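One structure is given below, encoded as structure tokens.
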Amino acid sequence: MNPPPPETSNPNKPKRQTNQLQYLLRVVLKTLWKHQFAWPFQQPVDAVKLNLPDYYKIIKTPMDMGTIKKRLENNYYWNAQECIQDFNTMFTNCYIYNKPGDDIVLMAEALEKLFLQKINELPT
Ligand SMILES: Cc1ccc([C@H](C)Nc2ccc3c(c2)N(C2CC2)[C@@H](C)C(=O)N3C)cc1
């Protein structure tokens, strides 16, 4: 039931170390990582273990903070916007599969509120 996880290295792809990308790893991701609600989002959804055989029938572009962390550590991104997009894909997937008011949604919303606070100002 589990698909292969998103790639965390791609050589066909050009890489960049920007000040914003370093900050997204050192400050943004690491703060979110320690949040009390971060743990469901620290690795790909394990649909077999959660016995959610429908998850990957619905979610076709999965994303999680473990994948983002590995991408950042591998300089996988060209710019901060690409990384921010991965965060937003992660949150949106949770809002798509689940319903407003669900506990997992409350957790994603708390992480998203903090994410938006931390990315409001990025380095130059
Ligand atoms: C409040 C509560 C209940 C269960 C769990 C289980 C143990 N782990 C887990 C990790 C990530 C996800 C989910 C479950 N959900 C399930 C709907 C619960 C899927 C759909 C989803 O979208 N994500 C992001 C954690 C937190």
Side-chain angles (χ1 to χ4, degrees):
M1 163 59 194
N2 286 334
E7 70 169 10
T8 51
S9 80
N10 193 335
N12 284 319
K13 198 170 186 298
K15 302 186 159 193
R16 218 160 51 140
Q17 263 152 310
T18 70
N19 286 341
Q20 298 192 346
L21 280 161
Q22 294 174 305
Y23 180 91
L24 280 170
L25 179 61
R26 184 186 63 89
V27 173
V28 179
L29 184 136
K30 305 217 157 84
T31 307
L32 283 168
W33 196 268
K34 292 300 303 174
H35 193 281
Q36 53 164 341
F37 300 166
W39 59 270
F41 306 94
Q42 283 175 345
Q43 59 284 308
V45 168
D46 187 333
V48 172
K49 165 150 170 233
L50 302 175
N51 187 44
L52 296 188
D54 65 333
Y55 182 82
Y56 292 108
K57 309 292 248 273
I58 304 173
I59 298 303
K60 301 296 185 191
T61 73
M63 187 52 58
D64 66 279
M65 289 198 298
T67 293
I68 297 171
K69 176 180 191 92
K70 284 175 189 169
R71 291 184 167 186
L72 285 165
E73 295 167 349
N74 289 352
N75 297 312
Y76 181 91
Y77 297 110
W78 184 256
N79 62 29
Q81 191 45 59
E82 291 181 340
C83 177
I84 290 167
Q85 178 58 78
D86 278 351
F87 274 102
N88 283 331
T89 293
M90 179 187 76
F91 295 126
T92 297
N93 286 345
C94 184
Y95 307 146
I96 286 164
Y97 178 100
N98 303 281
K99 295 163 192 51
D102 285 352
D103 295 336
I104 191 70
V105 168
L106 291 168
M107 298 173 86
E109 287 168 353
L111 283 178
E112 188 188 14
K113 175 153 90 161
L114 180 58
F115 174 72
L116 287 173
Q117 195 214 299
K118 304 305 285 169
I119 68 161
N120 174 65
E121 197 173 59
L122 298 177
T124 60

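Both backbone and side-chain heavy atoms feed into the values below; hydrogens, waters and symmetry mates do not. In this chain, numbering begins with 1 at the start of the sequence shown.
Within the 3.5 Å criterion, the main-chain N or O of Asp46 finds no donor-acceptor partner in the side chain of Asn2. Checking side-chain atoms of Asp102 against main-chain N and O of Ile104 turns up no donor-acceptor pair under 3.5 Å. No donor-acceptor pair closer than 3.5 Å links the side chain of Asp54 to the backbone N or O of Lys57. A donor-acceptor pair under 3.5 Å links the side-chain atoms of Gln42 to the main chain of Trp33, judged by distance alone. Remark: the backbone N or O of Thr8 is paired with a side-chain donor or acceptor of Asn74 at under 3.5 angstrom. Of the possible polar contacts, one joining the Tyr56 side chain to the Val45 backbone as a donor-acceptor pair under 3.5 Å is found. No donor-acceptor pair closer than 3.5 Å links the side chain of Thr67 to the backbone N or O of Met63. Counting only distance, with no hydrogens or angles, the side chain of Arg16 and the backbone of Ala80 share no donor-acceptor pair below 3.5 Å.
In this structure, the side chains of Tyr77 and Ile68 come closer than 4.5 Å at one or more pairs of heavy atoms. Looking at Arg71 and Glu7, their side chains come closer than 4.5 Å, going by heavy atoms from C-beta outward. For the pair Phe87/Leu32, a side-chain contact is recorded, criterion being any heavy-atom separation below 4.5 Å from C-beta on.
Hydrophobic clustering, with ILVMFWY side chains joined whenever heavy atoms are under 4.5 angstrom apart, keeps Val105 apart from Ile96. Hydrophobic clustering, with ILVMFWY side chains joined whenever heavy atoms are under 4.5 angstrom apart, keeps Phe37 apart from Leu50.
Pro6 and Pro62 get closest at one heavy-atom pair: CG-O, 3.5 Å. Shortest non-hydrogen contact noted between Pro53 and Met1 is O-CE, 3.0 Å. When all heavy atoms of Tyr95 and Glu112 are compared, the pair lying nearest together is OH-OE1, 2.7 Å. Nearest heavy-atom pair across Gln20 and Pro123 is NE2-O, 2.9 Å. The heavy-atom pair separating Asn98 from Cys94 by the smallest distance is ND2-O, 2.9 Å. Shown here for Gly66 and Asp64, the closest heavy-atom pair between the two residues is N-OD2, 2.8 Å.
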(message) Could you walk me through whether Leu21 and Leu72 satisfy the side chain to side chain contact (heavy atoms under 4.5 Å, CB included) test, starting with their C-alpha distance in whole Å, then the side-chain angles of each, then the deciding distance to 0.1 Å, before giving a yes or no?
(response) CA-CA 7 Å; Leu21 280 161; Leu72 285 165; 3.9 Å; yes

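Within a 6.0 Å sphere centred on NZ of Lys60, heavy atoms belonging to other residues, nucleotides or ligands number more than 12. Atom NZ of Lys70 has 12 or fewer neighbouring heavy atoms from other residues, nucleotides or ligands inside a 6.0 Å radius.
A donor atom on one side chain and an acceptor atom on the other are not found under 3.5 Å apart for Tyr76 and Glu82.
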